[PDB]
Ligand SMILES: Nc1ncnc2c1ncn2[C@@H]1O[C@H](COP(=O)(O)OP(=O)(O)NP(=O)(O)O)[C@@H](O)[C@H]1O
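Just one chain is shown here, as structure tokens, and it is the form deposited without the named molecule.
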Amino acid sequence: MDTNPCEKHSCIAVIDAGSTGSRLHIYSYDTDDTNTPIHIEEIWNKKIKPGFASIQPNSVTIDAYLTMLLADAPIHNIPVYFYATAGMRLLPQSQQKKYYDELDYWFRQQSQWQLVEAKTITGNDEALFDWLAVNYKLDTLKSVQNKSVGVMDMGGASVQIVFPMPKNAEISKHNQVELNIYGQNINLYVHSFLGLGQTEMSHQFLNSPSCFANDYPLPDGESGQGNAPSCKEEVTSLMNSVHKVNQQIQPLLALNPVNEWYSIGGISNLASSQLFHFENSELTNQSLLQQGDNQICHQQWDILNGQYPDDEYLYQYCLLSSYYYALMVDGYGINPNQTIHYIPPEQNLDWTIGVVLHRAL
């Protein structure tokens, strides 16, 4: 990396304003003969909490939040994309508008950042960016691939799934995108399920004893009595009886098999706990469920809590192990012995590189 990279390369700021927080990235890049970005490098990264949709939509609060997010960035005279996702999607447009009107005013009132867009993106655009970010990192975009790469983004309020699929006139146009990039034409199926991200879905199960370690104090005063297969069947009812995940996804995956699954988001954080034993930054659903059942669901909460003092979300690990299996195996139809790659959690990889690659007409 150069010293003062934005004096030597194009630069853009992309903010991922998700349900749990907002993450600013500044990327430097060069461009190829078609003015498409190459050599994308992250030169700055800053996350603040809580989610933008969780703060009071008044000037003082929104102005303090943007200042906290942006003021200490090393370069400011660059284009900014502020893209909010599932936290903002939980709100009606009239409520979202209060946030964007105040944010727009804050950018208009300063003279360095160059706001391009500030908006709630759809889950479908977000899934496209999920797939572009991962495949950019895997270096599979420049040449036509012989294997199909699927991507899952496991967020706090939505989950996305995205994989190659030829155009299909029986499927909504909203769930398909024809990507042109580096001279190749890519057709993807995209889907986002709102309410199935980990925070939203956990709020359906907090008094389920099967979903928590033995003797964990549940909110209404009963005790955990963990059992991952039982917990998983409860979560599967939300996936398939309420949201119809398997009816929508499985027939398409059977017709368009994915050779390599990659995930970003929450799986990385769970699977990296010392409670688990994985190698090569990959897991299978059967191993995740078995290890969460043995190591967490069937262990005593006070012992776990004292033994893993730096696992902030330890109390949900039995639930999360069970939920990931419900979503991937019972929802998407992925075999429980299929390898799922997870991007190493130190990378904090999100969908933002997708915006660098896709934003131009």
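From 1 onward, residues are counted along the sequence shown.
There is also a form solved in complex with the named molecule; it is not shown, and the following applies to it.
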Any of the heavy atoms of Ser10 lying within 4.5 Å of the named molecule in the deposited complex?
no
Look up in the deposited complex whether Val235 has a non-hydrogen atom within 4.5 angstroms of the named molecule, and give yes or no.
no
In the deposited complex, does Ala86 have a heavy atom within 4.5 Å of the named molecule?
yes
Give a yes/no on whether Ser19 approaches the named molecule to within 4.5 Å in the deposited complex, heavy atoms considered.
yes
Please identify the residue among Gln176, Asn240, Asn269, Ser210 with any heavy atom within 4.5 Å of the named molecule in the deposited complex.
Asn269
Of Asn124, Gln291, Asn256, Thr199, the one that lies within 4.5 Å of the named molecule in the deposited complex (heavy atoms)
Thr199
Within 4.5 Å, heavy atoms only, one stretch in 214-222, 78-86, 135-143, 278-286 touches the named molecule in the deposited complex. Which?
78-86
Let me know which residues along 298-318 have a heavy atom within 4.5 Å of the named molecule in the deposited complex, or say none if there are none.
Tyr313, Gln316, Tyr317
